[PDB]
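Sequence, then structure. It's an experimental one.
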Amino acid sequence: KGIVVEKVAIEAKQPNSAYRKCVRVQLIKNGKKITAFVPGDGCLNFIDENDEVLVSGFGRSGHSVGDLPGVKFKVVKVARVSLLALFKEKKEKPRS
Amino acid sequence: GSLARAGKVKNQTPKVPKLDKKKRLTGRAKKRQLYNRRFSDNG
Amino acid sequence: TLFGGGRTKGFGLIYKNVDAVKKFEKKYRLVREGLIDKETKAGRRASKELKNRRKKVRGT
Amino acid sequence: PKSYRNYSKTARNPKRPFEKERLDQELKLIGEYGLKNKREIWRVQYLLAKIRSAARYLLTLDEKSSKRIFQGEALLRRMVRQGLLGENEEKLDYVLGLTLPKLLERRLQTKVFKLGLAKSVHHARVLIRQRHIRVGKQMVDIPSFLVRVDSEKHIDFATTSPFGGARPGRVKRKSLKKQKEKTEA
RNA sequence: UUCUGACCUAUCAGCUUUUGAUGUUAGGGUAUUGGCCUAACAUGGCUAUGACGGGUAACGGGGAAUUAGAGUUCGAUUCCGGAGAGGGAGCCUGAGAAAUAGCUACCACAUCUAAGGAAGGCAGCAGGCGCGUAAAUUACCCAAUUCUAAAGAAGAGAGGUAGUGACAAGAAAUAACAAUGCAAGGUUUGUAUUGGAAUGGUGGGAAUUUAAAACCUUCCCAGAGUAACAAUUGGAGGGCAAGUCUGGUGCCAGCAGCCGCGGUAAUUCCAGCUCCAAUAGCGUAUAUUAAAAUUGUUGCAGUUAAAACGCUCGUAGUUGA
């Protein structure tokens, strides 16, 4: 569990063009800042600027994944609601 | 930063109602239907 | 009974006389029978009252 | 402390998910024997495989070996009880020869379909779940009961079933008709 | 107390002996042997076959997962044994204790107090806070299982029984069937109209079960047709089983384990439709085993791909007509 410090826009490696929406989170345990990936296009505005994210690994252990350089972690539940559940269809509660 | 164009495509697309349809089969019944549609009459 | 009915398995006892029934069976089994009623109903609040007691703190 | 009652997996997941030839074969097997899930096939497959493993171990051991003669005979006798091997065969290579349709052929639903009663494998399966069947002296609702040879002679209807002549018909319709007849008359 | 058996580390190589290290003698001490402890005397003991250190997110074993066979990882956790009761230390009683719901003190915490003083230790069971990725009722009962007693009859949060419980594991529904009409086959097999049977789930009552109740099972009433008593999850280029289907977007948004896809026909996005895999279970993450004969004893590679010491002698090692 960590808290969102800043919302960042990482640019891809050479063969692809996009701006990838990422989230800088400070883990509660150790006071460590890391950059985490957020799936889903509406999801950048599904986190507030001082919110609680539940962050996980990203399918590869510490290895960089796909386009993103330097991103080792992924957000999978926000405001203690599941990110995917909110995204998919709106099957579960919005932000309060 | 160039952040706030986010959510573009989902916002843009039309939204469609998901219709009715007669109950898709469970279980044995679904397996029997699959068996017929793949293997029986064909020839 | 066991599945599908028409059959019932149990366990039975036949004592020499009623005095034997008084002798060698415990109270719930007697209650189940209908020989005597269920006794005192304090439960484990009895334990709480017991531990409320401390010897020679009160005259009793 | 933890309970001393044991428990175990019935089945082993198949490995290599999408292998076409195997997949189509499994569907074909379902088509013939009326099973709900790939899981039913897998448990039966696992059961056969264990038998095959045991028999394989036994056949490695030498002839006249005391353990071998005892265990091999015992396993084979168990196969005879199950109805997997005929009378003429009595040797461990026919145990190895056991094969998955041959085992499915000993399901209770299959046995009913063969003997009659129902008009379809699917009809048999629902008939068994809806409590109409009896092995004689005992009643059962499990379509994955396997039939032993001495019990193939006593498949019947359940005596508390409609077909057994219990409560005889649809209460709703018969009452409605009787009430209407009394009112009308 | 004999013997024998262990993880990682040499960027830990000399350790141990004034302060007992190794031995001899004599004592003291112990329940008893003993440097166990005192005195006197020896000057030893251990070490590349890895001592002495350091690390361990290390209690040990019975065992567990994964294995074709070798194996590799795991073992707080049902049994056995050890250790400990906030941190250390010291004690009494008694057959048994350096005991923690015995005691004394200190330190670290901390409750009541009219301030003089007093009382305190949940890693028993509940329950709370905090920590967190991460975890249940301040339940009922001593009937069984056993224990303790001046032993039937008393006690026991030992223990049982429920409650919470998608941790795992097994069994198992979500229709079945006949008529017709249509479809394809040489009176058949398949599939849209109809329409009588079969039944749990469910509601109620019992019978029963039970320490007591609840559940289970069993029986009697009720009691499906859009059987709305409504199956989901994740997918559909390849790897990899299923779409060169229909709209929107237009290098953006995004997807994408990996290769890659997206710049106006997108077989990959966002939808819809269809199809597919598994199914009351199915996704995701992290760890771990196989796959890995990519740790290689079995069983690798070293001319050129990673890799023969510059060369020789040689001690330990291993191997030896």
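Received it, and whenever you're ready, just let me know what you need. Residues are numbered from 1 along each chain as shown, chains lettered A, B, ... in the order given.

Residues touching the longest helix seen in chain B, excluding its own?
Secondary structure of chain B read by DSSP state H shows that its longest helix is helix B:27-35. For helix B:27-35, the external contacting residues (C-beta atoms under 8 Å, 6 or more residues apart in numbering or on different chains) are B:24-25, D:27, D:30-31, D:34-36, D:122, D:125. Bear in mind the C-beta positions are built from the backbone N, C-alpha and C, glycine included.

Break down chain D into its helices, ranges please.
Counting by DSSP H, the helices of chain D are D:20-33, D:38-60, D:66-82, D:92-96, D:100-104, D:108-115, D:121-129, D:171-184.

Redo these as a markdown table? Include distance to residue A:75 and mean neighbour count.
A markdown table is the format used below for the helices of chain D (distance: least, C-beta to C-beta, whole Å; neighbours: other C-beta atoms under 10 Å in any protein chain shown):
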| stretch | distance to residue A:75 | mean neighbour count |
| --- | --- | --- |
| helix D:20-33 | 37 | 14 |
| helix D:38-60 | 35 | 16 |
| helix D:66-82 | 55 | 14 |
| helix D:92-96 | 55 | 16 |
| helix D:100-104 | 47 | 15 |
| helix D:108-115 | 50 | 20 |
| helix D:121-129 | 46 | 19 |
| helix D:171-184 | 57 | 9 |
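
Residue D:141 is nearest to which of those?
Comparison of these against residue D:141 by C-beta to C-beta identifies helix D:121-129 as nearest, at 5.8 Å.

picking that back up, what about RNA strand E: which of the contacts of helix B:27-35 touch it?
B:24-25, D:27, D:36, D:122, D:125 (C-beta under 7 Å from any atom of the strand).

Any idea what the most centrally placed residue in chain D is bridged to?
Geometric centre of chain D, nearest residue: residue D:107, 2.5 Å, by C-alpha atoms, centre = their mean. Residue D:107 has these beta-bridge partners by DSSP bridges: residue D:146.

That one touches residue D:147, doesn't it?
Yes - Residue D:107 is in contact with residue D:147 according to C-beta atoms under 8 Å; the separation is 7.5 Å.

Residue D:1: neighbour count?
3 (other C-beta atoms under 10 Å in any protein chain shown).

before we move on, back to that, so what's the residue nearest to the centre of chain D up against?
D:33, D:143-147.

of these, list those near RNA strand E.
D:143-144.

List buried residues within the contacts of residue D:107.
The neighbour-count test (16 or more other C-beta atoms under 10 Å in any protein chain shown) marks D:33, D:143, D:145-147 as buried among those.

Now do the same contact list for the closest residue to chain B within chain C.
Chain C approaches chain B most closely through residue C:3 (23.4 Å), counting by C-beta to the nearest C-beta. Taking C-beta under 8 Å, 6+ apart, we find residue C:3 in contact with D:139-140.

run the last query once more with 10 Å
When contacts are counted by C-beta atoms under 10 Å, 6 or more residues apart in numbering or on different chains, residue C:3 touches D:131, D:138-141.

now do residue D:146
D:44, D:47, D:82-84, D:103-108, D:110-111.

That one and chain B, how far apart?
In this view, residue D:146 and chain B are 19 Å apart by C-beta to the nearest C-beta, to the nearest Å.

One more: residue D:25?
For residue D:25 relative to chain B (C-beta to the nearest C-beta), the value is 12 Å.

What of residue A:77?
According to C-beta to the nearest C-beta, residue A:77 stands 19 Å off from chain B.

which residues touch the nearest residue to that residue once chain neighbours are set aside?
Using C-beta to C-beta, 6 or more residues apart in numbering or on different chains and skipping the chain neighbours, the partner closest in space to residue A:77 is residue A:54 (3.8 Å). Shown in contact with residue A:54 (C-beta under 10 Å, 6+ apart): A:1-2, A:25, A:75-83.

let's see it at 7 Å
Applying C-beta atoms under 7 Å, 6 or more residues apart in numbering or on different chains to residue A:54 gives the contacts A:1, A:76-77.

Show me the contact partners of stretch A:78-92.
By C-beta under 7 Å, 6+ apart, stretch A:78-92 touches A:40, A:42-43, A:46-47, A:51-53, A:75-77, A:93-95.

does it come close to RNA strand E?
Yes - Stretch A:78-92 comes into contact with RNA strand E (C-beta under 7 Å from any atom of the strand), by way of A:84, A:88-89, A:91.

repeat for stretch D:45-62
No - judged by C-beta under 7 Å from any atom of the strand, stretch D:45-62 stays clear of RNA strand E, getting no closer than 9.3 Å.

hang on, the earlier thing: from the contacts of residue C:3, keep the buried residues only.
Counted by 16+ other C-beta under 10 Å, the contacts of residue C:3 give residue D:139 as buried.

which one of the contacts of residue C:3 is nearest residue D:167?
Distances from residue D:167 to the contacts of residue C:3, taken as C-beta to C-beta, are shortest for residue D:131 (12.7 Å).

can you put the contacts of residue C:3 in JSON lines and add distance to residue C:50?
Converted to JSON lines, those look like this (distance: C-beta to C-beta, whole Å):
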{"residue": "D:131", "distance to residue C:50": "54"}
{"residue": "D:138", "distance to residue C:50": "53"}
{"residue": "D:139", "distance to residue C:50": "53"}
{"residue": "D:140", "distance to residue C:50": "54"}
{"residue": "D:141", "distance to residue C:50": "52"}
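
Name the nearest of the contacts of residue C:3 relative to RNA strand E.
Using C-beta to the nearest atom of the strand, the shortest approach to RNA strand E within these belongs to residue D:131, at 5.6 Å.

roughly how far apart are that closest one and residue C:16?
Going from residue D:131 to residue C:16 by C-beta to C-beta, to the nearest Å gives 45 Å.

what's the answer for residue C:3, then?
Residue C:3 is 37 Å from residue C:16, where distance means C-beta to C-beta.

how about the nearest residue to the residue of chain D found nearest chain B, chain neighbours excluded?
Nearest residue of chain D to chain B, counting by C-beta to the nearest C-beta: residue D:31, 4.1 Å away. Leaving aside its chain neighbours, residue D:31 sits nearest to residue B:35 (4.1 Å; criterion: C-beta to C-beta, 6+ apart).
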